[PDB]
file my_file-v3.tsv (TSV, C-alpha atoms and all ligand atoms)
chain	number	residue	atom	x	y	z
A	1	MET	CA	10.47	-6.88	56.78
A	2	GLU	CA	10.08	-5.03	53.47
A	3	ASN	CA	7.45	-6.34	51.01
A	4	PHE	CA	6.76	-9.61	52.84
A	5	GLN	CA	3.71	-10.50	54.91
A	6	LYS	CA	4.16	-13.66	57.00
A	7	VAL	CA	1.31	-16.14	56.63
A	8	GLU	CA	2.73	-18.75	59.00
A	9	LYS	CA	5.80	-20.63	60.16
A	10	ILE	CA	6.40	-23.74	58.07
A	11	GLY	CA	9.03	-25.17	60.38
A	12	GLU	CA	12.54	-25.28	61.83
A	13	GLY	CA	14.24	-25.59	58.43
A	14	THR	CA	17.64	-27.15	57.79
A	15	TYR	CA	19.60	-23.88	57.76
A	16	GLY	CA	17.07	-21.81	59.72
A	17	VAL	CA	13.43	-20.87	60.33
A	18	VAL	CA	10.94	-21.10	57.45
A	19	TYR	CA	7.78	-19.09	56.85
A	20	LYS	CA	5.05	-19.19	54.24
A	21	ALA	CA	4.86	-15.53	53.20
A	22	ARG	CA	3.05	-13.33	50.72
A	23	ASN	CA	4.84	-10.74	48.63
A	24	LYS	CA	2.65	-7.68	49.23
A	25	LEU	CA	3.65	-6.45	45.78
A	26	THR	CA	3.41	-9.38	43.37
A	27	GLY	CA	0.85	-10.98	45.67
A	28	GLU	CA	2.73	-14.25	45.23
A	29	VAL	CA	2.90	-16.83	48.02
A	30	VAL	CA	6.42	-18.04	48.76
A	31	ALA	CA	8.56	-19.96	51.24
A	32	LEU	CA	10.97	-17.66	53.06
A	33	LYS	CA	13.92	-19.22	54.86
A	34	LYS	CA	15.89	-17.09	57.34
A	35	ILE	CA	19.52	-18.28	57.54
A	36	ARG	CA	21.93	-18.02	60.49
A	41	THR	CA	25.68	-17.33	61.61
A	42	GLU	CA	26.85	-13.90	62.76
A	43	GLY	CA	29.01	-13.40	59.68
A	44	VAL	CA	27.64	-15.05	56.52
A	45	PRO	CA	30.53	-15.48	54.00
A	46	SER	CA	30.51	-13.44	50.78
A	47	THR	CA	31.58	-16.63	49.03
A	48	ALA	CA	28.27	-18.24	49.94
A	49	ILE	CA	26.26	-15.28	48.69
A	50	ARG	CA	27.95	-15.52	45.28
A	51	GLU	CA	27.57	-19.29	45.03
A	52	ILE	CA	23.95	-19.11	46.16
A	53	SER	CA	23.21	-16.35	43.64
A	54	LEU	CA	24.46	-18.79	41.01
A	55	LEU	CA	21.64	-21.16	41.96
A	56	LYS	CA	18.99	-18.61	41.00
A	57	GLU	CA	19.90	-19.53	37.43
A	58	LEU	CA	19.39	-23.25	38.01
A	59	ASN	CA	15.85	-23.64	36.64
A	60	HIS	CA	14.15	-26.99	35.85
A	61	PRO	CA	10.57	-28.29	36.32
A	62	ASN	CA	11.75	-30.75	38.96
A	63	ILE	CA	13.78	-28.28	40.99
A	64	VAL	CA	12.21	-25.83	43.46
A	65	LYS	CA	12.90	-22.37	42.05
A	66	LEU	CA	15.14	-20.10	44.11
A	67	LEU	CA	13.41	-16.76	43.46
A	68	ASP	CA	15.72	-14.53	45.45
A	69	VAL	CA	18.65	-14.31	47.81
A	70	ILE	CA	18.62	-11.35	50.19
A	71	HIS	CA	21.62	-10.55	52.36
A	72	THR	CA	20.92	-8.10	55.16
A	73	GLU	CA	22.05	-7.29	58.72
A	74	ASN	CA	23.26	-10.68	60.01
A	75	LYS	CA	20.77	-12.93	58.25
A	76	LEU	CA	20.41	-14.36	54.77
A	77	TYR	CA	16.91	-14.75	53.36
A	78	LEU	CA	16.22	-17.31	50.67
A	79	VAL	CA	12.96	-16.90	48.78
A	80	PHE	CA	11.62	-20.06	47.15
A	81	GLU	CA	8.65	-20.97	44.99
A	82	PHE	CA	6.04	-22.48	47.33
A	83	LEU	CA	4.72	-26.07	47.29
A	84	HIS	CA	2.18	-27.27	49.85
A	85	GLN	CA	3.52	-30.62	50.95
A	86	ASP	CA	6.67	-32.68	51.22
A	87	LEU	CA	7.19	-36.37	50.47
A	88	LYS	CA	7.78	-37.26	54.12
A	89	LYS	CA	4.26	-36.14	55.10
A	90	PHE	CA	2.81	-37.72	51.96
A	91	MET	CA	4.41	-41.07	52.78
A	92	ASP	CA	3.11	-40.93	56.36
A	93	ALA	CA	-0.34	-40.18	55.01
A	94	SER	CA	-0.09	-43.08	52.54
A	95	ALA	CA	1.25	-45.47	55.18
A	96	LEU	CA	-1.87	-47.65	55.50
A	97	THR	CA	-2.33	-48.23	51.78
A	98	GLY	CA	1.05	-47.32	50.35
A	99	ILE	CA	1.85	-45.03	47.43
A	100	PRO	CA	0.61	-46.71	44.19
A	101	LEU	CA	3.50	-48.12	42.09
A	102	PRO	CA	2.66	-45.88	39.11
A	103	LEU	CA	3.05	-42.79	41.32
A	104	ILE	CA	6.23	-44.11	42.96
A	105	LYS	CA	7.60	-44.63	39.44
A	106	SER	CA	6.54	-41.16	38.26
A	107	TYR	CA	8.15	-39.54	41.30
A	108	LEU	CA	11.39	-41.50	40.91
A	109	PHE	CA	11.54	-40.68	37.20
A	110	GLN	CA	10.96	-36.96	37.87
A	111	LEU	CA	13.55	-36.82	40.65
A	112	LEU	CA	16.11	-38.49	38.36
A	113	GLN	CA	15.38	-35.88	35.65
A	114	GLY	CA	16.01	-33.20	38.25
A	115	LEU	CA	19.22	-34.82	39.41
A	116	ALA	CA	20.41	-35.33	35.83
A	117	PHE	CA	19.91	-31.62	35.20
A	118	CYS	CA	21.68	-30.57	38.41
A	119	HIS	CA	24.57	-32.93	37.90
A	120	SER	CA	25.08	-31.85	34.27
A	121	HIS	CA	25.41	-28.31	35.69
A	122	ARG	CA	27.93	-29.44	38.32
A	123	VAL	CA	25.51	-28.93	41.20
A	124	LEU	CA	25.19	-31.58	43.93
A	125	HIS	CA	22.37	-31.76	46.46
A	126	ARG	CA	24.27	-33.67	49.21
A	127	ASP	CA	21.33	-33.93	51.61
A	128	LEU	CA	18.42	-35.52	49.81
A	129	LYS	CA	15.67	-36.86	52.10
A	130	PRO	CA	11.87	-37.13	51.84
A	131	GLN	CA	11.39	-33.85	53.68
A	132	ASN	CA	13.34	-32.06	50.94
A	133	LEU	CA	11.17	-33.40	48.11
A	134	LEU	CA	8.12	-31.21	47.53
A	135	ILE	CA	4.94	-32.21	45.73
A	136	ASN	CA	1.88	-30.49	44.27
A	137	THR	CA	-1.61	-31.45	43.10
A	138	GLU	CA	-0.57	-31.84	39.46
A	139	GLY	CA	1.56	-34.90	40.13
A	140	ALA	CA	4.88	-33.04	40.09
A	141	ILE	CA	7.69	-33.59	42.60
A	142	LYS	CA	10.63	-31.20	43.00
A	143	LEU	CA	14.06	-31.23	44.64
A	144	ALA	CA	14.48	-28.54	47.32
A	145	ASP	CA	17.76	-27.20	48.78
A	146	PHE	CA	19.95	-28.09	45.79
A	147	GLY	CA	23.45	-26.63	46.17
A	148	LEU	CA	23.08	-25.10	49.65
A	149	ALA	CA	25.30	-27.73	51.29
A	150	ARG	CA	28.30	-26.83	49.12
A	151	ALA	CA	27.70	-23.08	49.49
A	152	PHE	CA	28.29	-23.92	53.17
A	153	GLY	CA	30.67	-26.88	52.95
A	154	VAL	CA	29.11	-28.96	55.74
A	155	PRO	CA	25.60	-28.15	57.09
A	156	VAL	CA	25.89	-30.16	60.33
A	157	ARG	CA	22.55	-29.23	61.92
A	158	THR	CA	19.59	-26.83	61.69
A	159	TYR	CA	19.81	-23.97	64.19
A	160	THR	CA	17.83	-25.27	67.18
A	161	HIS	CA	19.46	-28.48	68.42
A	162	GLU	CA	17.77	-30.90	66.01
A	163	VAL	CA	18.74	-34.52	65.35
A	164	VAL	CA	20.45	-34.69	61.95
A	165	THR	CA	18.99	-37.52	59.88
A	166	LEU	CA	21.70	-39.86	58.62
A	167	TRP	CA	19.32	-42.35	57.02
A	168	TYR	CA	20.04	-41.24	53.47
A	169	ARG	CA	23.80	-40.70	53.72
A	170	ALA	CA	26.00	-42.54	51.20
A	171	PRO	CA	28.63	-44.88	52.70
A	172	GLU	CA	31.56	-42.89	51.31
A	173	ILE	CA	30.41	-39.89	53.42
A	174	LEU	CA	30.09	-42.06	56.52
A	175	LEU	CA	33.56	-43.44	55.83
A	176	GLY	CA	35.00	-39.94	55.88
A	177	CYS	CA	35.53	-39.23	52.19
A	178	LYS	CA	36.24	-35.52	51.89
A	179	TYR	CA	35.14	-35.15	48.27
A	180	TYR	CA	31.51	-35.81	47.41
A	181	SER	CA	30.54	-36.83	43.90
A	182	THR	CA	27.20	-36.88	42.13
A	183	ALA	CA	26.93	-40.47	43.36
A	184	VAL	CA	25.94	-39.40	46.86
A	185	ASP	CA	22.61	-38.11	45.51
A	186	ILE	CA	21.86	-41.31	43.62
A	187	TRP	CA	22.44	-43.26	46.86
A	188	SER	CA	20.05	-41.03	48.81
A	189	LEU	CA	17.43	-41.31	46.06
A	190	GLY	CA	17.80	-45.10	46.09
A	191	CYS	CA	17.11	-45.11	49.86
A	192	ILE	CA	14.02	-42.97	49.24
A	193	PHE	CA	12.81	-45.25	46.40
A	194	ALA	CA	13.06	-48.26	48.76
A	195	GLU	CA	11.17	-46.41	51.50
A	196	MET	CA	8.31	-45.44	49.17
A	197	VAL	CA	8.00	-49.11	48.17
A	198	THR	CA	8.21	-50.79	51.61
A	199	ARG	CA	6.77	-47.95	53.72
A	200	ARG	CA	9.72	-48.27	56.06
A	201	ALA	CA	13.08	-46.47	56.05
A	202	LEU	CA	15.72	-48.67	54.49
A	203	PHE	CA	18.61	-47.81	56.84
A	204	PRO	CA	17.27	-45.96	59.89
A	205	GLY	CA	20.54	-45.47	61.79
A	206	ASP	CA	20.57	-43.45	65.00
A	207	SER	CA	24.32	-42.70	65.00
A	208	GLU	CA	26.99	-42.53	62.32
A	209	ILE	CA	28.32	-45.97	63.20
A	210	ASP	CA	24.82	-47.48	63.55
A	211	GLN	CA	24.00	-46.03	60.10
A	212	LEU	CA	27.11	-47.58	58.59
A	213	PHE	CA	26.49	-50.94	60.24
A	214	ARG	CA	22.83	-51.04	59.19
A	215	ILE	CA	24.09	-50.58	55.62
A	216	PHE	CA	26.68	-53.32	56.12
A	217	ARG	CA	24.13	-55.73	57.64
A	218	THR	CA	21.98	-55.46	54.54
A	219	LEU	CA	24.41	-55.01	51.65
A	220	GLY	CA	27.33	-56.86	53.20
A	221	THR	CA	30.45	-55.32	54.72
A	222	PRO	CA	32.30	-53.83	51.74
A	223	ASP	CA	35.73	-55.06	50.75
A	224	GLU	CA	38.35	-54.36	48.09
A	225	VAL	CA	36.58	-56.65	45.61
A	226	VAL	CA	33.31	-54.70	45.38
A	227	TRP	CA	34.80	-51.36	46.44
A	228	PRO	CA	38.44	-50.81	45.42
A	229	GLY	CA	40.03	-48.43	47.90
A	230	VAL	CA	37.45	-48.86	50.66
A	231	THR	CA	40.02	-50.09	53.20
A	232	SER	CA	42.04	-46.87	52.73
A	233	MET	CA	39.12	-44.58	53.49
A	234	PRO	CA	39.61	-42.13	56.40
A	235	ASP	CA	37.24	-43.75	58.89
A	236	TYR	CA	37.50	-47.32	57.71
A	237	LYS	CA	38.57	-49.69	60.54
A	238	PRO	CA	39.80	-53.26	59.88
A	239	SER	CA	37.87	-54.07	63.04
A	240	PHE	CA	34.48	-53.52	61.33
A	241	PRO	CA	32.45	-56.74	61.66
A	242	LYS	CA	32.07	-58.69	58.43
A	243	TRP	CA	28.43	-59.27	57.49
A	244	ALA	CA	27.20	-61.21	54.48
A	245	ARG	CA	25.06	-59.49	51.84
A	246	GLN	CA	21.29	-60.11	51.94
A	247	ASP	CA	19.11	-60.66	48.85
A	248	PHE	CA	17.21	-57.65	47.44
A	249	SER	CA	14.13	-59.84	47.21
A	250	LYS	CA	14.17	-59.74	50.99
A	251	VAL	CA	14.98	-56.01	51.25
A	252	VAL	CA	12.29	-54.40	49.10
A	253	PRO	CA	9.51	-56.95	48.64
A	254	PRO	CA	7.36	-57.13	46.65
A	255	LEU	CA	9.12	-54.83	44.15
A	256	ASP	CA	9.57	-56.47	40.71
A	257	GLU	CA	12.92	-57.40	39.16
A	258	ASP	CA	13.04	-54.22	37.06
A	259	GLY	CA	12.70	-52.22	40.28
A	260	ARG	CA	15.17	-54.39	42.22
A	261	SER	CA	17.62	-54.19	39.35
A	262	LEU	CA	17.53	-50.36	39.27
A	263	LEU	CA	17.68	-50.10	43.06
A	264	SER	CA	20.72	-52.39	43.19
A	265	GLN	CA	22.51	-50.11	40.74
A	266	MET	CA	21.65	-47.02	42.78
A	267	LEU	CA	23.04	-48.71	45.91
A	268	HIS	CA	26.36	-50.02	44.64
A	269	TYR	CA	29.07	-49.39	47.25
A	270	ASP	CA	31.65	-48.02	44.81
A	271	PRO	CA	30.56	-44.46	43.91
A	272	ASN	CA	32.11	-45.04	40.50
A	273	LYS	CA	30.01	-48.12	39.86
A	274	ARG	CA	26.79	-46.46	41.07
A	275	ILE	CA	24.42	-45.65	38.19
A	276	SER	CA	24.19	-42.04	37.00
A	277	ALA	CA	20.84	-40.21	36.97
A	278	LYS	CA	21.05	-40.03	33.15
A	279	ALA	CA	21.65	-43.76	32.83
A	280	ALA	CA	18.94	-44.58	35.40
A	281	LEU	CA	16.36	-42.74	33.29
A	282	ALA	CA	16.99	-45.30	30.53
A	283	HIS	CA	16.50	-48.32	32.83
A	284	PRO	CA	13.75	-50.77	31.74
A	285	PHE	CA	11.94	-49.96	34.99
A	286	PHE	CA	10.67	-46.76	33.34
A	287	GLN	CA	9.34	-48.47	30.20
A	288	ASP	CA	5.77	-47.85	31.33
A	289	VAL	CA	6.19	-44.65	33.32
A	290	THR	CA	3.21	-42.28	33.38
A	291	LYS	CA	2.29	-39.20	35.39
A	292	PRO	CA	-0.57	-40.00	37.82
A	293	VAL	CA	-2.52	-37.50	39.93
A	294	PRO	CA	-1.84	-37.95	43.65
A	295	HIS	CA	-4.62	-37.95	46.28
A	296	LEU	CA	-3.46	-34.88	48.12
A	297	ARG	CA	-5.34	-33.40	51.05
A	298	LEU	CA	-4.24	-29.86	51.92
A	301	LIG	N1	9.54	-24.30	49.02
A	301	LIG	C1	8.63	-24.64	49.97
A	301	LIG	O1	7.44	-24.47	49.75
A	301	LIG	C2	9.06	-25.09	51.19
A	301	LIG	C3	10.33	-24.65	51.70
A	301	LIG	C4	10.81	-25.06	52.97
A	301	LIG	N2	11.97	-24.62	53.38
A	301	LIG	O2	12.65	-25.24	54.32
A	301	LIG	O3	12.53	-23.56	52.83
A	301	LIG	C5	9.99	-25.96	53.76
A	301	LIG	CL1	10.44	-26.50	55.32
A	301	LIG	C6	8.74	-26.41	53.26
A	301	LIG	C7	8.26	-26.00	51.98
A	301	LIG	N3	7.11	-26.43	51.53
A	301	LIG	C8	6.48	-27.69	51.97
A	301	LIG	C9	5.45	-27.40	53.03
A	301	LIG	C10	4.68	-26.23	53.05
A	301	LIG	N4	3.75	-25.94	54.00
A	301	LIG	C11	3.58	-26.87	54.98
A	301	LIG	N5	4.26	-28.05	55.07
A	301	LIG	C12	5.19	-28.28	54.09

call {"tool": "encode", "arguments": {"input": "my_file-v3.tsv", "output": "structure tokens"}}
result
Amino acid sequence: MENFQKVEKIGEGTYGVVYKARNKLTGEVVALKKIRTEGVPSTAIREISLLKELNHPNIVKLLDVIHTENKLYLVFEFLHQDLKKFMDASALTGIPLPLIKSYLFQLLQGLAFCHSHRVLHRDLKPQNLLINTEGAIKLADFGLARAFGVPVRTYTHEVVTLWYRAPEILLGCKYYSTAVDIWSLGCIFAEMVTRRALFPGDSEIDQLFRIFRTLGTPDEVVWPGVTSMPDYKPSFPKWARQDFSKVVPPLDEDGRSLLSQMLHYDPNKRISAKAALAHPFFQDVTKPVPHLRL
């Protein structure tokens, strides 16, 4: 209500329902997300408002935050498609390496900007990466997780995807660092390359064990302090690490090298977005035009 004309429902968003809407005034087309629950903290409104100032070409612009009678409305710049749908559509042929590289490079620029401004995403996944016809890709939902501590679910009994969760979160760490986003982005990079989710767990423990089966069960050597983590159990099975050549074939050594650094167990050893941008993998990065059908 008030200035907005609903064009259609986009989906059952993470924090609520989402509509494509037109601002009767400006005439602009936007994504409007209606947030839960029956209170809505004033701390969240302030923190969220802060995000309106977080502007970068690879970050979906938060145009407005509107608090009104039990419901928070977030108005975002609109993009027609997300990476999850694009990957499904490119399943038979695969996304061309040059485009995978362009997307990864752009997402790292976005993360570097967010992280330098002390903003974490915390829930990166293909569905939260939006793309347009110009070859741009943008991070969506940056900072919402913190302005709400822990998201948990959507609003209509939906199965929370754990596929992109960093191991420190799964092991009960209470303090997230910028490293959790690099881990999620690494999982997404692998998925674009192989056309299959890297760690498709269907429970928190299945997610953790899928990670362990591929990267090896972590220990104090590769991850100092891991055995003192909240949910770590000495009873975890001990699996040997597999070779990356087997995990993301036929990605080249530059790609495997970068991916391995994005998937280090120790959050402190995990590569930063800034450092990743300098990796030899991006020596020949370009900005291709995607084949997008809308
Ligand atoms: N910012 C946005 O444009 C956007 C926001 C949200 N959201 O949650 O606030 C969602 Cl779901 C999807 C979006 N767009 C991608 C899309 C658009 N139309 C049809 N399928 C996908």

call {"tool": "residues_around", "arguments": {"input": "my_file-v3.tsv", "residues": "residue 83 of chain A", "least_positions_apart": "6", "cutoff": "12 Å", "atoms": "all atoms listed in the file", "output": "list in words"}}
result
residues 10, 20, 29, 30, 31, 32, 62, 63, 64, 65, 132, 133, 134, 135, 136, 137, 138, 139, 140, 141, 142, 143, 144 and 298 of chain A

call {"tool": "closest_residue", "arguments": {"input": "my_file-v3.tsv", "among": "A:56, A:190, A:158, A:113", "to": "ligand LIG 301 (chain A)", "atoms": "only C-alpha atoms and all ligand atoms"}}
result
A:158

call {"tool": "residues_near_ligand", "arguments": {"input": "my_file-v3.tsv", "ligand": "ligand LIG 301 (chain A)", "cutoff": "6 Å", "atoms": "only C-alpha atoms and all ligand atoms", "output": "PyMOL selection string"}}
result
chain A and resi 10-11+13+18+31+33+80-86+134

call {"tool": "write_last_selection", "arguments": {"input": "my_file-v3.tsv", "atoms": "C-alpha atoms", "output": "PDB file, keeping the file's coordinate frame"}}
result
ATOM      1  CA  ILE A  10       6.400 -23.740  58.070  1.00  0.00           C
ATOM      2  CA  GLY A  11       9.030 -25.170  60.380  1.00  0.00           C
ATOM      3  CA  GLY A  13      14.240 -25.590  58.430  1.00  0.00           C
ATOM      4  CA  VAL A  18      10.940 -21.100  57.450  1.00  0.00           C
ATOM      5  CA  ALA A  31       8.560 -19.960  51.240  1.00  0.00           C
ATOM      6  CA  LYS A  33      13.920 -19.220  54.860  1.00  0.00           C
ATOM      7  CA  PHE A  80      11.620 -20.060  47.150  1.00  0.00           C
ATOM      8  CA  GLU A  81       8.650 -20.970  44.990  1.00  0.00           C
ATOM      9  CA  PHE A  82       6.040 -22.480  47.330  1.00  0.00           C
ATOM     10  CA  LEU A  83       4.720 -26.070  47.290  1.00  0.00           C
ATOM     11  CA  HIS A  84       2.180 -27.270  49.850  1.00  0.00           C
ATOM     12  CA  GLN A  85       3.520 -30.620  50.950  1.00  0.00           C
ATOM     13  CA  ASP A  86       6.670 -32.680  51.220  1.00  0.00           C
ATOM     14  CA  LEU A 134       8.120 -31.210  47.530  1.00  0.00           C
TER      15      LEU A 134
END

call {"tool": "closest_residue", "arguments": {"input": "my_file-v3.tsv", "among": "A:24, A:122, A:273, A:88", "to": "residue 199 of chain A", "atoms": "all atoms listed in the file"}}
result
A:88

call {"tool": "atom_distance", "arguments": {"input": "my_file-v3.tsv", "atom1": "atom CA of residue 196 of chain A", "atom2": "atom CA of residue 147 of chain A"}}
result
24.3 Å

call {"tool": "closest_residue", "arguments": {"input": "my_file-v3.tsv", "among": "A:184, A:154, A:282, A:116", "to": "residue 15 of chain A", "atoms": "all atoms listed in the file"}}
result
A:154

call {"tool": "atom_distance", "arguments": {"input": "my_file-v3.tsv", "atom1": "atom CA of residue 295 of chain A", "atom2": "atom CA of residue 202 of chain A"}}
result
24.4 Å

call {"tool": "atom_distance", "arguments": {"input": "my_file-v3.tsv", "atom1": "atom CA of residue 262 of chain A", "atom2": "atom CA of residue 188 of chain A"}}
result
13.6 Å

call {"tool": "build_atoms", "arguments": {"input": "my_file-v3.tsv", "residues": "segment 163-191 of chain A", "atoms": "N, CA and C atoms", "output": "PDB file, in the frame of the given file"}}
result
ATOM      1  N   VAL A 163      18.011 -33.300  65.673  1.00  0.00           N
ATOM      2  CA  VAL A 163      18.740 -34.520  65.350  1.00  0.00           C
ATOM      3  C   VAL A 163      18.896 -34.722  63.845  1.00  0.00           C
ATOM      4  N   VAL A 164      20.124 -34.532  63.363  1.00  0.00           N
ATOM      5  CA  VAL A 164      20.450 -34.690  61.950  1.00  0.00           C
ATOM      6  C   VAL A 164      20.142 -36.103  61.468  1.00  0.00           C
ATOM      7  N   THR A 165      19.344 -36.210  60.418  1.00  0.00           N
ATOM      8  CA  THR A 165      18.990 -37.520  59.880  1.00  0.00           C
ATOM      9  C   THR A 165      20.114 -38.057  58.998  1.00  0.00           C
ATOM     10  N   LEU A 166      20.624 -39.223  59.365  1.00  0.00           N
ATOM     11  CA  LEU A 166      21.700 -39.860  58.620  1.00  0.00           C
ATOM     12  C   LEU A 166      21.196 -40.972  57.707  1.00  0.00           C
ATOM     13  N   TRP A 167      19.895 -41.228  57.740  1.00  0.00           N
ATOM     14  CA  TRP A 167      19.320 -42.350  57.020  1.00  0.00           C
ATOM     15  C   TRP A 167      19.602 -42.438  55.533  1.00  0.00           C
ATOM     16  N   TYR A 168      19.840 -41.291  54.918  1.00  0.00           N
ATOM     17  CA  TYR A 168      20.040 -41.240  53.470  1.00  0.00           C
ATOM     18  C   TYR A 168      21.470 -40.961  53.034  1.00  0.00           C
ATOM     19  N   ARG A 169      22.392 -40.976  53.996  1.00  0.00           N
ATOM     20  CA  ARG A 169      23.800 -40.700  53.720  1.00  0.00           C
ATOM     21  C   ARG A 169      24.512 -41.848  53.040  1.00  0.00           C
ATOM     22  N   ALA A 170      25.220 -41.537  51.953  1.00  0.00           N
ATOM     23  CA  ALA A 170      26.000 -42.540  51.200  1.00  0.00           C
ATOM     24  C   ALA A 170      27.149 -43.059  52.087  1.00  0.00           C
ATOM     25  N   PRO A 171      27.558 -44.316  51.874  1.00  0.00           N
ATOM     26  CA  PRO A 171      28.630 -44.880  52.700  1.00  0.00           C
ATOM     27  C   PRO A 171      29.976 -44.161  52.596  1.00  0.00           C
ATOM     28  N   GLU A 172      30.285 -43.604  51.432  1.00  0.00           N
ATOM     29  CA  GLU A 172      31.560 -42.890  51.310  1.00  0.00           C
ATOM     30  C   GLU A 172      31.600 -41.657  52.239  1.00  0.00           C
ATOM     31  N   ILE A 173      30.447 -41.045  52.510  1.00  0.00           N
ATOM     32  CA  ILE A 173      30.410 -39.890  53.420  1.00  0.00           C
ATOM     33  C   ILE A 173      30.655 -40.386  54.834  1.00  0.00           C
ATOM     34  N   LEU A 174      29.963 -41.459  55.192  1.00  0.00           N
ATOM     35  CA  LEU A 174      30.090 -42.060  56.520  1.00  0.00           C
ATOM     36  C   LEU A 174      31.510 -42.577  56.766  1.00  0.00           C
ATOM     37  N   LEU A 175      32.205 -42.943  55.688  1.00  0.00           N
ATOM     38  CA  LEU A 175      33.560 -43.440  55.830  1.00  0.00           C
ATOM     39  C   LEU A 175      34.594 -42.325  55.777  1.00  0.00           C
ATOM     40  N   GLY A 176      34.112 -41.088  55.844  1.00  0.00           N
ATOM     41  CA  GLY A 176      35.000 -39.940  55.880  1.00  0.00           C
ATOM     42  C   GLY A 176      35.585 -39.396  54.596  1.00  0.00           C
ATOM     43  N   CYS A 177      35.020 -39.760  53.450  1.00  0.00           N
ATOM     44  CA  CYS A 177      35.530 -39.230  52.190  1.00  0.00           C
ATOM     45  C   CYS A 177      35.343 -37.729  52.275  1.00  0.00           C
ATOM     46  N   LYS A 178      36.332 -36.972  51.823  1.00  0.00           N
ATOM     47  CA  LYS A 178      36.240 -35.520  51.890  1.00  0.00           C
ATOM     48  C   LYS A 178      35.686 -34.888  50.615  1.00  0.00           C
ATOM     49  N   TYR A 179      35.629 -35.664  49.546  1.00  0.00           N
ATOM     50  CA  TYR A 179      35.140 -35.150  48.270  1.00  0.00           C
ATOM     51  C   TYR A 179      33.879 -35.887  47.864  1.00  0.00           C
ATOM     52  N   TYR A 180      32.762 -35.175  47.802  1.00  0.00           N
ATOM     53  CA  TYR A 180      31.510 -35.810  47.410  1.00  0.00           C
ATOM     54  C   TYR A 180      31.411 -35.793  45.908  1.00  0.00           C
ATOM     55  N   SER A 181      30.748 -36.790  45.342  1.00  0.00           N
ATOM     56  CA  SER A 181      30.540 -36.830  43.900  1.00  0.00           C
ATOM     57  C   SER A 181      29.036 -36.919  43.701  1.00  0.00           C
ATOM     58  N   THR A 182      28.607 -36.788  42.452  1.00  0.00           N
ATOM     59  CA  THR A 182      27.200 -36.880  42.130  1.00  0.00           C
ATOM     60  C   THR A 182      26.587 -38.171  42.650  1.00  0.00           C
ATOM     61  N   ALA A 183      27.421 -39.183  42.873  1.00  0.00           N
ATOM     62  CA  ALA A 183      26.930 -40.470  43.360  1.00  0.00           C
ATOM     63  C   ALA A 183      26.235 -40.406  44.718  1.00  0.00           C
ATOM     64  N   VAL A 184      26.595 -39.442  45.561  1.00  0.00           N
ATOM     65  CA  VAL A 184      25.940 -39.400  46.860  1.00  0.00           C
ATOM     66  C   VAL A 184      24.440 -39.136  46.719  1.00  0.00           C
ATOM     67  N   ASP A 185      24.037 -38.394  45.681  1.00  0.00           N
ATOM     68  CA  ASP A 185      22.610 -38.110  45.510  1.00  0.00           C
ATOM     69  C   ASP A 185      21.831 -39.311  45.003  1.00  0.00           C
ATOM     70  N   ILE A 186      22.477 -40.106  44.159  1.00  0.00           N
ATOM     71  CA  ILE A 186      21.860 -41.310  43.620  1.00  0.00           C
ATOM     72  C   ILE A 186      21.636 -42.288  44.793  1.00  0.00           C
ATOM     73  N   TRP A 187      22.599 -42.369  45.716  1.00  0.00           N
ATOM     74  CA  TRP A 187      22.440 -43.260  46.860  1.00  0.00           C
ATOM     75  C   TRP A 187      21.240 -42.816  47.680  1.00  0.00           C
ATOM     76  N   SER A 188      21.179 -41.523  48.011  1.00  0.00           N
ATOM     77  CA  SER A 188      20.050 -41.030  48.810  1.00  0.00           C
ATOM     78  C   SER A 188      18.710 -41.308  48.110  1.00  0.00           C
ATOM     79  N   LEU A 189      18.672 -41.089  46.801  1.00  0.00           N
ATOM     80  CA  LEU A 189      17.430 -41.310  46.060  1.00  0.00           C
ATOM     81  C   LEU A 189      17.063 -42.796  46.057  1.00  0.00           C
ATOM     82  N   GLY A 190      18.072 -43.666  46.037  1.00  0.00           N
ATOM     83  CA  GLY A 190      17.800 -45.100  46.090  1.00  0.00           C
ATOM     84  C   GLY A 190      17.154 -45.448  47.435  1.00  0.00           C
ATOM     85  N   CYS A 191      17.670 -44.862  48.514  1.00  0.00           N
ATOM     86  CA  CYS A 191      17.110 -45.110  49.860  1.00  0.00           C
ATOM     87  C   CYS A 191      15.660 -44.637  49.904  1.00  0.00           C
TER      88      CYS A 191
END
